[PDB]
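What follows is one chain in structure tokens, specifically the form deposited without the DNA.
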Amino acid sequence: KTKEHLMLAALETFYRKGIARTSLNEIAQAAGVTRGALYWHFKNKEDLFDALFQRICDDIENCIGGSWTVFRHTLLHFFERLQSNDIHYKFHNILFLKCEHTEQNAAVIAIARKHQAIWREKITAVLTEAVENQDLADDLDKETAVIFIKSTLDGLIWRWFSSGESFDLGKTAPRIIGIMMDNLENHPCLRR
């Protein structure tokens, strides 16, 4: 029952050509099946992409003392896996570099926005649990903190991919995370 084989074929084709220029025919041909066999498992490009997104989010929550400490470990492990896990590597490379916000990709981009709001929620919860445990201040502007966290991580990923991986992510990621963590805990500009 390996609907996993069809996902990995879409991942390879999205990786090689981008999402806009990938056709269902290509994915089926790459997965070595008929259009009909592909269709029984995934109606169209969006559901392939949604399912890869789900696989990524599931790997993250699997790998999951203290809530704020766990969060630190989650961000660190994320950038490790970006380097050592080929699916995580190729998926985020697609998300940041091969997903033009065109009207051809409108439904893929709605999918991505859907997981963005899930992730915003998981962050808002971590921030609230951290306020309660006294890791963050009570006047933490949580809404700007969520933007702050997402921008920081997005910028490192975007920088690393868009530069052709020209720097050592294993050296650089802990320092970016270390700084961002310190700012959330201490910087006045992140409060109301």
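Between two forms, the rigid core is the largest collection of C-alphas that superpose within 1.5 Å. Throughout, we count residues from 1 along the sequence that is shown.
Below, we refer to the form deposited with the DNA bound, which is not included among the displayed structures.
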#### Entry: Position in contact with the DNA when the complex is considered in the deposited complex, options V146, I60, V33, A51, heavy atoms within 4.5 Å
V33
### Message
Would you classify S166 as touching the DNA in the deposited complex, given a 4.5 Å non-hydrogen atom cut-off?
### Response
no
### Query
Does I64 reach the DNA in the deposited complex, with heavy atoms at most 4.5 Å apart?
no
### Task
May I ask you to state whether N186 is within 4.5 Å of the DNA in the deposited complex, using heavy atom distances?
no
### Query
Taking the shortest heavy atom distance, is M180 within 4.5 Å of the DNA in the deposited complex?
no
### Message
Contact check in the deposited complex: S23, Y39 and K45 versus the DNA, with a cutoff of 4.5 Å between any heavy atoms. Do all three pass?
### Response
yes
### Query
Out of 23-31, 134-142, 52-60, 121-129, where are the residues with a heavy atom within 4.5 Å of the DNA in the deposited complex?
23-31
### Query
Which listed residue, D47, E129, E165, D141, is the one whose CA shifts 2 angstroms or more between this form and the one not shown with the rigid core aligned?
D47
### Task
For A28, decide whether the Cα shift between this form and the one not shown is 2 Å or greater, given a superposition on the rigid core.
yes
### Query
Hey, does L82 budge by 2 Å or more at the Cα between this form and the one not shown once the core is superposed?
no
### Query
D154: with the rigid core matched between this form and the one not shown, does its Cα shift 2 Å or more?
no
### Message
A 3 angstroms or greater change in CA distance between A51 and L127 is reported in the deposited complex. Closer or farther than in this form?
### Response
farther
### in the deposited complex, shift in Cα separation for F91 relative to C57, 3 Å or more
closer
